[PDB]
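Here we start with a single chain on its own, the form deposited in one PDB entry, put down as structure tokens.
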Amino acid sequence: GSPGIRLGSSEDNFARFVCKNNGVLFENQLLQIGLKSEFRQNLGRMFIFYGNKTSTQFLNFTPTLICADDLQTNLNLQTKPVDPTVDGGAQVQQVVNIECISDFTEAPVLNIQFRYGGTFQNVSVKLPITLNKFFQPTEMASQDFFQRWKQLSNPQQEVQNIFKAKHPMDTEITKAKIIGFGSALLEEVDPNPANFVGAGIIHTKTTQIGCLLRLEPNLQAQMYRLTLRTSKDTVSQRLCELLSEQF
């Protein structure tokens, strides 16, 4: 969160990669950075595609991943060097292996440096590696769900956000958003068929966080009430912020 117009900034399309893994993360007039990713347990693999849109080669093409001081102890990224020479119109691929150590909020920074026509081209963009990517969806009957829902003791483990919808409140879109977010989508848990209930486990090296959630649309008001309940306060916080921005 920064002050000032978010256009041509480091996170123009970051939000579009929270509930889906593929797409074009950034594109200026020389380069297009695409993404393809997959996650399992507390791990993942992200493919980064660098497309040269010009008629000439990029030289000394050097992409670097940067994780803030805290992020680093919570997220582990490993990758191999990319050939510093990218022909015009060509695409070069970089594989990033991901390991989530513990829950985190911050996002890694992708820095790209390269020479074009003899000039220094420098690009920075936030990498859409978010906490919900390490979700293991967990289907369960309504009875099980409520049993688990009422085991919350810590009031801090319950985060509720009442917000204005930033998008049309389409049902099918909303469904896809929740499924894409990562938890399982449980049917017939909330008696009101217009609401959505979710449940899943967030996987990290050191701890497994059980998470429950409830999304309540109010069509006339054009508002939502999202309710998160997990076994870890910081997890409940981060997932609520992430999901809130999607609707």
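Residue positions are given as counts along the sequence shown, with the first one as 1.
With 9-17 and 225-233 compared on mean CA B-factor from the PDB entry, the stretch scoring higher is 9-17.
When the C-alpha B-factors of 198-206 and 183-191 are averaged, 183-191 comes out higher. For the set 111, 130, 97, 142, the maximum C-alpha B-factor listed in the entry falls on 142.
Across 77, 125, 176, 152, the greatest Cα temperature factor reported in the deposited entry is at 152. Residue-level temperature factors show residue 106 in the middle third of its chain, judged at the C-alpha atom. In the PDB entry, a CA B factor belonging to the lowest third of its chain's modelled residues is recorded for residue 42. Residue 220 sits in the highest third of its chain by CA B factor, as recorded in the PDB entry. Per the deposited record, the Cα B-factor of residue 30 falls in the lowest third when ranked against the other modelled residues of its chain. Ranked by Cα temperature factor within the chain, residue 92 sits in the middle third according to the deposited record.
What comes next is about the form solved in complex with a partner chain, which is not displayed.
Only one of the listed residues (209, 178, 199, 35) places a non-hydrogen atom within 4.5 angstroms of the partner chain in the deposited bound form, and that residue is 35. Put simply, of 122, 171, 91, 73 only one has a heavy atom within 4.5 Å of the partner chain in the deposited bound form, and it is 91. Among heavy atoms of residue 40, none comes within 4.5 Å of the partner chain in the deposited bound form. Taking the partner from the other structure, the partner chain in the deposited bound form has no heavy atom within 4.5 Å of any heavy atom of residue 44. Mapping the unseen interface onto this chain, residue 52 counts among the residues with a heavy atom inside 4.5 Å of the partner chain in the deposited bound form.
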